[PDB]
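Computed from the coordinates by the stated procedures, all read-outs in this text should not be read as laboratory data. Note that each Cβ is placed from the backbone with ideal geometry, even for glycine, and that neighbours are counted across all protein chains shown.
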Amino acid sequence: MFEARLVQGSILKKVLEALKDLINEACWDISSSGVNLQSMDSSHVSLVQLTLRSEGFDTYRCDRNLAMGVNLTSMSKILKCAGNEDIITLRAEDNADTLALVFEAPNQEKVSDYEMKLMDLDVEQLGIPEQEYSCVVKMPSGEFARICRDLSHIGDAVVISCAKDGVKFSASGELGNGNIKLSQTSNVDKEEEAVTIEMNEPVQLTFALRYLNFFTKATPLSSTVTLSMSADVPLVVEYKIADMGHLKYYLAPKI
Amino acid sequence: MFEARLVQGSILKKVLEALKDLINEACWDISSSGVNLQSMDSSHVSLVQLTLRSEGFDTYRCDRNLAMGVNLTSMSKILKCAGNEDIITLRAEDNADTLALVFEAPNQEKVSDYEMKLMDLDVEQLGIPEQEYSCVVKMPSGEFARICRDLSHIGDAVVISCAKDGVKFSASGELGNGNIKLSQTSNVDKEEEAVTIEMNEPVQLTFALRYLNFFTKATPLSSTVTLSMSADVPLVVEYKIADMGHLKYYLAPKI
Amino acid sequence: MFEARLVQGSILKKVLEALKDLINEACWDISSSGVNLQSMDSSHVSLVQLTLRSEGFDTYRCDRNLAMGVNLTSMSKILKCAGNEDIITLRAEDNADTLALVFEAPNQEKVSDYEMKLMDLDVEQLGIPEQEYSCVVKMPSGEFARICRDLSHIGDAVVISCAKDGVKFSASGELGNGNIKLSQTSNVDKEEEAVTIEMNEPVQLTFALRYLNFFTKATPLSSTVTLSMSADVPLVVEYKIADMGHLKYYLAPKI
């Protein structure tokens, strides 16, 4: 038996809401150390890596490594039947072709029990080259979402320029161009309002806005986001999942 | 002649919003004891029965029993035009076949006078007698609304199974299957957000989920809903209309 | 050079919201006396005329009259990017391309520099010249908005009847008919409905409700609206924008 009881159900709701548009199907690599997902998106452009560590779960049980192939659109639909404050328990027999999802209200008067059909899929594998990056921008998650959205009216691509004297997002198109300059803070007082740049050398990279606008569906999961960049390698957009792990999205620059 | 004055016109806005999707035209039986509507949907699976007592109105007079044929699409349109806190007055002179509806804004600035056909058409008048039911379930209306909404993502039918210690709703379909068990809870005193059962013998019936989703548009009219059920007879779904009367939806099971 | 600055970002946004569904490509006349926009809408039915005097901006400089051809949907989008508390700067250097729109958030965290390509359109004019009208009605803007919206459920045309009593809007279609009567009560009254009317002779004209429902998108720009009517000429619906300027709509009555 695999069995994982997650007390804050909102978290799994949000993860599915952040993945279902970008990718339709993917295998859930389950083990004693946690749950891990790794997939390309459905247009073969970006890469996604999800991690939810075992200890994040209130109760956790994994007799042996499972791989469950999963339609995320169906999984999301089922999770929309969960409340935000439900305790969600995930359960699969060792080689069973189903995943049960139990949504307990907090007072135990209402209990729901769903049994999802798996789909049978060939796993993907990479993980990408772990790297020391030139720039790391930490910033509010709501601010990053709004920027990508604003600039998507102007252009299909965004140039992210970092230097010592700031970060800048620029886009360009048929109706013109725009530049959004977001200043580092010093003493912001809260921690989650900070804009901090860890800079080694200036960098200027171009990314497809369409894909960044997918990545920002993870905003509910965290109040900050970090962007790690270096020349000619994929951007990582990282959202922390409430002490349990993370959702990274990798994207090639143009060129 | 007919005239009924209702100071809390918000109630009548809620009833028409409850009726307009399911039923398109209906007979309005007006008498000195009040308003009684009764109709099948255009597909013959369900029946609605509405009752508004004369004493529920601020003023009421009926000279003359009347069977006004009414287009509920058109009446819901006109009611849209009413303020939330307008006084609503319904009116019919005699050998005129028109229903007038007068909305007087809260601080007598503005009177709106509306009038609609009153197409007296070949119709019905059933009733169907008092039955004794195997189960009667009372529960919060918003909770029944939620279970019908969520299960409609899974299948197009719901098995309702009643038992001493609770009621279950189960559905099955494309993306897998689902059951929601609500427990009898007692409490009472501080609120009736309870789930109570009255069980002479257990019941187990399948119903059309889309119809139950029409019925739940009445959710805003009452904090609770009752479900009376028996083998082979139509389910009743009752909503109380704040000390003026009731709204009952009737649905026959399958097989 | 042209340059204008405003603290009231919001007003600009509301002007574009109120124009952009009626007209696509527009020509802004920028002179030293201010900004002027005059155009038919894209169906050649109604006429719009916007005026924003130079004094209404808290800085204003214009060396040379410019005719800046803009797509109003694209400019509404851009202005959607700005904080409602943002300081806005409009800037152009004289012709081809660049209108620059700069949004500076209140305390210096964020600056947004946009640049809109201008197309070459001729500066229109015609400026149909003023008149004394049989009848001039002034009323709450949100009440005028609500009357057009509601009657649009009954009919496609409204008949405005002005009289010493007050003003009456009446519409008629398939479902039946409706009239709304606002009366002149005296003075010193709490209700915000002091509908006032300056009158030479009762008028009675019909108007397409589709277009009136375009003109009420200006509702946020002012709390009152003034209607000016005579037989055989266009209605004028005027929103005064706070001694900054005005937005006028012209619609001819049905024959």
State yes or no: is residue B:134 of a type in the set (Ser, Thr, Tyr), under 23 Å from residue B:231 (Cα atoms) and either without any contact (Cβ under 8 Å) to a residue 60 or more places away in the chain or within 13 Å of chain A (Cβ to nearest Cβ) (or both)? no
Filtering the range A:64-97 down to residues that are surrounded by 15 or more Cβ atoms within 10 Å (Cβ to Cβ) and assigned to a strand (DSSP E or B) yields A:66, A:68, A:69, A:70, A:71, A:87, A:88, A:89, A:90, A:91, A:92
For the range A:193-227: of the residues being among the charged types (D, E, K, R) and more than 14 Å from every other protein chain (Cβ to nearest Cβ), which is nearest to residue A:134 (Cα to Cα)? A:201
Selected residue [touching a helix residue (DSSP H, G or I) at 6+ places or on another chain (Cβ under 9 Å) and either surrounded by 18 or more Cβ atoms within 10 Å (Cβ to Cβ) or over 21 Å from residue A:149 (Cβ atoms) (or both)] from C:12, C:47: C:12
Which is farther than 23 Å from residue B:180 by Cβ and among the hydrophobic types (A, V, I, L, M, F, W, C), of A:101, A:22, A:90? A:22
Is there a residue being small (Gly, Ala, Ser), in a strand (DSSP E or B) and surrounded by fewer than 19 Cβ atoms within 10 Å (Cβ to Cβ) anywhere in the range C:199-216? yes
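Looking for whichever is of a type in the set (S, T, N, Q), in contact with a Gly (Cβ under 9 Å, 6 or more places away or on another chain) and more than 17 Å from residue B:96 (Cα to Cα) here; the options are B:59, B:73, B:51. Which one fits?
So the residue among B:59, B:73, B:51 that is of a type in the set (S, T, N, Q), in contact with a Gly (Cβ under 9 Å, 6 or more places away or on another chain) and more than 17 Å from residue B:96 (Cα to Cα) is B:51.
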Every pair of residues 6+ apart whose Cβ atoms lie under 9 Å, when the first sits in the range B:66-78 and is touching a residue at least 60 places away in the same chain (Cβ under 8 Å) while the second is in a strand (DSSP E or B) and β-branched (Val, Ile, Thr): B:66/B:30
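Output the residue which, of all residues in the range B:122-150 that are among the β-branched types (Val, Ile, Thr) and part of a loop (DSSP other than H, G, I, E, B), is surrounded by the fewest Cβ atoms within 10 Å (Cβ to Cβ).
If we take residues in the range B:122-150 being among the β-branched types (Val, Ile, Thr) and part of a loop (DSSP other than H, G, I, E, B), then B:128 is surrounded by the fewest Cβ atoms within 10 Å (Cβ to Cβ).
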Any idea which residue in the range C:178-192 is nearest to the other protein chains (Cβ to nearest Cβ), counting only those that are within 20 Å of residue C:225 (Cβ to Cβ) and not in a strand (DSSP E or B)? C:191
Looking for something farther than 29 Å from residue A:36 by Cα and in contact with a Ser or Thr (Cβ under 8 Å, 6 or more places away or on another chain) - is there at least one such residue anywhere in the range A:212-233? no
Output the number of residues of the range C:168-203 satisfying the condition of being out of contact with any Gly (no Cβ under 8 Å at 6 or more places or on another chain) and touching a residue at least 40 places away in the same chain (Cβ under 8 Å). 9
Residues of the range B:151-177 being in a strand (DSSP E or B) and either within 16 Å of residue A:73 (Cα to Cα) or of a type in the set (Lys, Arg) (or both), which ones? B:168, B:173, B:176, B:177
Counting only residues in the range C:98-121 that are of a type outside the set (D, E, K, R) and outside any strand (DSSP E or B), the one nearest to residue C:70 (Cα to Cα) is identified as C:118
Within the range A:225-237, identify whether any single residue is in contact with a helix residue (DSSP H, G or I) (Cβ under 9 Å, 6 or more places away or on another chain), not acidic (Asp, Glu) and not in a strand (DSSP E or B), and answer yes or no. no
Taking the residues in the range B:103-126 that are under 17 Å from residue C:146 (Cβ atoms) and more than 7 Å from every other protein chain (Cβ to nearest Cβ) as candidates, determine which candidate is farthest from the chain's Cα centre (by Cα). B:108
Within the bounds of the range A:157-172, is there any residue that is under 21 Å from residue A:46 (Cβ atoms), surrounded by fewer than 19 Cβ atoms within 10 Å (Cβ to Cβ), basic (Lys, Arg) and within 12 Å of another protein chain (Cβ to nearest Cβ)? no
